[PDB]
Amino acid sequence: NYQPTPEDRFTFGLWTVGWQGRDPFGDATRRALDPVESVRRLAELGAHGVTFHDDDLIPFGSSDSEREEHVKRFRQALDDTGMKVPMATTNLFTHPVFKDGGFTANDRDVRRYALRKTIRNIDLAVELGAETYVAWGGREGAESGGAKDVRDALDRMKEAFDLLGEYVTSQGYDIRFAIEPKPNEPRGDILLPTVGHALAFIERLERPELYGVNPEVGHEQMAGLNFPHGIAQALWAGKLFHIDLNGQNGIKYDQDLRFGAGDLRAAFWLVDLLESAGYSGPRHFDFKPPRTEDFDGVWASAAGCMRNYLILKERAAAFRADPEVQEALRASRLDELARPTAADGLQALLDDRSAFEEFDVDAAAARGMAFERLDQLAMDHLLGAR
């Protein structure tokens, strides 16, 4: 019955199930959760672990003694449940000081503060066992053109990430960074707006091996992009360090619906890809139970995230293992796609008359791809209509 267990590596942010329900037009609908209670409840649902922003775990502005107590209690909850903390991140967005950014704020003093705030939490993340440190630059960007010279901002972004890499390395930490792209919201346009832009930027960092992406289903869908395709490019680049799973009702504000909601077939093809490719990182839900819900609905929504992943995993595996699908994949030449175009090399290609003067273009054009039959097999498998 699609029951999650820790081995499935499902994780949740404190801020997900803990979202009190404030939106741009509405006050909170639920009380705040104690992180200890969330750890407990998520463990009971079959989660593997939790994640946190600094300011989710330790109230902003806490004293050193308050901070120690928050962490002690959290550690006890982890120990009491067997939950892990595979990822952490910094809140560089909520507080008014970050209104023009953290790492790319126009004010230099804010940029320096953002780095110090991040570094302090990297140390805590390492103490709690995190393997990945996410950065979501939600305030990096602009509403107007003159406000932000993007080349200069990218210089500042690179400087910041390079400093963080220097810091990790200086401490002998094994933690790696993952940039979580988003195209807009809360800024009118956000820098590094997609998987692609983040992947490209990483290639210009001093130590690129320390950085990957943390793509989010809904964020790429806010640009109308194909999330599975972007994940495939991240995997191709060796950069899928972490992933955020949720749902999104098309090109709108970031909804953060439970995984499986929104574009269901994209969720199917995503799970197919992650499982086929042997992705071994967390299956992290960056979601928000809708503010219509009470706490029973919070936990139902969280459970549904995991359930939907597991249903989709079953159906994708059945699709790939079905003889009839394997035949259809050959009929559609997915086998040829995986073979080199020209392992014979350039000169041999240039000398091959079968590739040009004697290529029968009309006969090749007439060969149907058989993609609709393949896709209806995929649909039948998804729906359990085999």
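Numbers follow the displayed sequence, beginning with 1.
Student: Between 68 to 76 and 196 to 204, name whichever shows the higher mean Cα B factor according to the PDB entry.
Tutor: Result: 68 to 76.
Student: With reference to the PDB entry, specify whether the mean Cα temperature factor is higher for 170 to 178 or for 239 to 247.
Tutor: Here the higher of the two C-alpha B-factor means belongs to 170 to 178.
Student: Between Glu336, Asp360, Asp27, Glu327, which carries the biggest CA temperature factor in the record?
Tutor: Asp360 has the highest C-alpha B-factor of those listed.
Student: State the tercile, meaning the lowest, middle or highest third, of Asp263 with respect to the CA B-factors recorded for its chain.
Tutor: As the PDB entry reports it, the C-alpha B-factor of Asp263 lands in the lowest third of its chain.
Student: Report the third (lowest, middle or highest) to which the CA temperature factor of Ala277 belongs, ranking only the modelled residues of the same chain.
Tutor: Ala277: CA B-factor falls in the highest third of its chain.
Student: How does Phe161 rank on Cα B-factor within its chain, lowest, middle or highest third?
Tutor: Ranked within chain, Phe161 CA B lands in the middle tercile.
Student: Would you mind checking where the Cα B-factor of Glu185 ranks among the modelled residues of its chain, as the lowest, middle or highest third?
Tutor: Within its chain, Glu185 is a lowest-third residue by C-alpha B-factor, going by the deposited values.
Student: Place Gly82 in the lowest, middle or highest third of its chain's C-alpha B-factors, as listed in the PDB entry.
Tutor: Its C-alpha B-factor, which the entry lists for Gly82, ranks in the highest third among residues of this chain.
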